[PDB]
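A lone chain, given as structure tokens: the form deposited in one PDB entry.
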């Protein structure tokens, strides 16, 4: 039967190393398991550290699992996160929650720190809503502080709201009048940010612009918040003058501070092709406008780059697609776009491979991104993208693939691509 041992038909899976996975809710959870089953695990073996951030396990552990996941990301340097339920009043009723738990993304970000870089996932055949955006716009959202770690409260009636700083060294405290309510009640809030966090934010922004060869703009409202936003402006400018200016000049680019009002108009009018450093809230809100302006709200990458220069968390930024989940729970067909979740996995695994000098893993991660884009541009897509192209009322069943058909088509094309290489 032949003295020479013939080669195996099954080929050796890639050693991918250590990865923290944050499991999610509803249809995104369904998608997440399909991605692992059909796209990752046949080709990559992982030392996978899985945390269930589904709403029921967050409730059971009093949100401790979210903290545990963040600490694990510190330890292993790579996290990949599925979309999760951020509960409102209805979710409190539906799950009999102990509390209207806060957004886990905010908790993870306030623990890890850094900058969330957000960018559209561009398909040649998905039309833009903004005509001129022929190059990408990359938002760098400062991931720490401000509204997302504030303390807000109802003022029940007349009285003084004051804000006080008490120096740790025992020198005199300073007290500022926020407002004397003399005619009724209202609301008040305190919020803050940290110098070191702002410095990390500036560093990540300058470095991303220099890595791309694109100009950088930071938006603030320092005309109104002269101290608070002026601190962002000053720290960026001093870091630019100290370390990065000659690097920008050598690449013929620039960094400029802009008022947020001007910056959103300028962005809308632009051709794309720049980095936009945003304070936490502005990056949160403006990335929705950028995501929708490129064609599809969900076709975004979202990667938290932590201040240590080694740790990354990639996530799907859209929601858990509740209506599709309900259909799926009744055995009905859905057409759920998995691209954002797939790219969470590929961006995470690409950083894993960079940390590990894993050439096989890096080739794989890029190959999966290529397969996803090429599949869509070849005309095989989920219903939402079909509607981007034709308009929802004109979509017919042959224009799109359902959730399982689309995953299977990606799996076929990934197998072809890895075979050809």
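C-alpha atoms forming the largest set that superposes within 1.5 Å between two forms make up the rigid core. Residue numbers count along the first chain shown, from 1.
FYI, the form deposited in another entry isn't displayed, but the following is about it.
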query	finding
Conformational change between the shown form and the other one, one of 208, 122, 97, 111, C-alpha moving 2 Å or more after core fit	208
Residue 348 C-alpha moves between the shown form and the other one by 2 Å or more, core aligned	no
Large Cα move at residue 318 between the shown form and the other one, threshold 2 Å, rigid core	no
Yes/no, residue 221 Cα shift of 2 Å or more between the shown form and the other one with rigid core fixed	yes
Closer or farther: C-alpha pair residue 208/residue 351 in the other entry, relative to this form, given a change of 3 Å or more	closer
Direction of C-alpha distance change in the other entry, residue 107 to residue 260 (at least 3 Å)	farther
